[PDB]
Every structure is written in C-alpha cells, then in structure tokens.
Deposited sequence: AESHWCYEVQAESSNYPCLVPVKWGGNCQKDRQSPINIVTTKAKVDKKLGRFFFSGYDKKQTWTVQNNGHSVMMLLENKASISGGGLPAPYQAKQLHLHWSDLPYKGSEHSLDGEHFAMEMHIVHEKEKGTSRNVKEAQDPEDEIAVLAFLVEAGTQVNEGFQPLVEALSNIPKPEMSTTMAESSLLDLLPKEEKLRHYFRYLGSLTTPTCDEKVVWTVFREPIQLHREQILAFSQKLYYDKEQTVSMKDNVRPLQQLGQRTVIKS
C-alpha cells in the first residue's frame, strides 16, 4: 500500500484502492463541522501520566511516517474515556504546503501537519485512542519539537532508527489549559488495514512550529531506501461521516 503521491514515482495500492476494512462505513479521517458537533458534558479534562518525564526516545522511519516508540512509558485517562490507555507510538502526517498536510479538517480548514499520539486501552470500537493535534506555521521555533526535528537527518531512509536527545511528550503539546476543548468521534485507523477500532480526539487548538521546522520533515525524509522520493503528502483522503455524530467538550 501507498499514498497517492508515491504512485507517480514508484520504482503499489493507492488510497482509493486500499482493501481490508478501508472501504467500510466508519472510516477516518473526516471533516468536522464544528457547529454540528454537540457539547457532551461527560467529555471532561484529560489527565496525563509520564508526559512530563524527560526520556531519550527511539524514533524511526517506517516508510510511511516518522514514529517515536513510546514503549508504554506514558498513559492517559479522563477525556471521557472508559479506562486508562497506554501510550504506544507518536507519528505525523504532513505536506510542504500549509493547507494540505492534515488528515482531519475543521469546518473545511486544513493544516500544515497533523500529529497522532497512539494509545491502547488497558483492560471493540475504542480499542485504540488517538490524540490528534493540528499543526500550523507560527512566528517562532517551537523548542519542544527541536529534539525530534534534529533527529530526522539520522533516519532519512525507511528502516533506519535513532535516539533523540532528552525530551518530554509535554514539550510537544499546547499548554494544558488549552487542551480542554476537543472533538470526539468513533472511527478507524487512517492506514491499512483501516480497522474500525479507534476512538478519536481532535484538539481545537493548533500547535505552532516555525516554517523551517515543518519543511525539515519533507527536506530530510524519504519514502524509499533509494532516496528519490521525498516523504510528504502522507495524508489519507477525507472519508464520509455517514450516520455517526461528532461530540465536543
């Protein structure tokens, strides 16, 4: 399987031809019409555990994205979730243009990147909880992202792995006060096999990176071990909401 962009220069199955569960009815990502999302008072604050601890994370190019291995060293609870969820991995989706790098959209507005923090239910439509943050260009270098951005030139090819300098997950997120507002729905993984087992949370507040930090991703990373196709536009096309609803805090 591949993204649309990889087909043009392949030395593979494009998104509209993906099999498995990818052609089903409760798929992700979606466009969120914010006025159509109903406030649900049960969507309380998230509580984070291990997000404040400095770690040296392993980060790897898996041929589709760059992925930090979180190795169960952090967890979340609250946020209307039925149970705590263990953190498994963090990865991103991006482009090199400001309005075609996110997977989800808000009222038709797209962003430059989207970051996905993937967690698994501690014990189904909510086996996996993904925390989704939308990214745009701001005025300044986001210092919290510097260890990740700095690591990228050490994993230019698929299968490569490196160790980031000391950093926390908290360093990557908005101020906690700004995480109170989010959107919630049930959907799928955004890559094959597209399993309908994800409870999604899309935070309303964008993260800001400097333009140069966002461009680093497409400038330093490659889809192929021949380094001829720059990694970008790793974005699944929008899927239909159908008879689901979106709720918000």
Non-modelled portions of the deposited polymer sequence, in sequence order: 1-4, 16-17, 130-140
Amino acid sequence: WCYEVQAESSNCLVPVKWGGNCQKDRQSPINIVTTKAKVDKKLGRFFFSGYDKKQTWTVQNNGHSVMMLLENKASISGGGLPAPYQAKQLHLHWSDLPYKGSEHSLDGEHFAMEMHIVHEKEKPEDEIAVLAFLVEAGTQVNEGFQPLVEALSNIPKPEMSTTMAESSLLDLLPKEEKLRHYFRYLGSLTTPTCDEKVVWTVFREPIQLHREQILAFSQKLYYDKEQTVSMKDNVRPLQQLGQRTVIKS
From here on, numbers count along this sequence of modelled residues.
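What we label the rigid core is the largest C-alpha set whose atoms superpose within 1.5 Å from one form to the other.
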Between stretches 133-141 and 72-80, more displaced by Cα RMS in 8 other deposited structures of this protein (rigid core superposition): 133-141
Selected stretch [higher average CA B-factor]: 159-167 or 87-95: 159-167
Given 127-135 and 170-178, the range whose Cα B-factors average higher in the PDB entry: 170-178
Residue, from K100, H104, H119, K73, that the PDB entry assigns the highest Cα B-factor: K100
Residue of maximum C-alpha B factor among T56, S188, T201, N31, per deposited coordinates: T56
For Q208, the third of its chain into which the C-alpha B factor falls: lowest
Ranked C-alpha temperature factor of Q140 among modelled chain residues, by third: highest
Assigned third (lowest, middle, highest) for the C-alpha B factor of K38: highest
Chain third (lowest, middle, highest) by recorded CA B-factor, residue given as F47: lowest
Modelled-residue ranking by C-alpha temperature factor, third containing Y223: highest
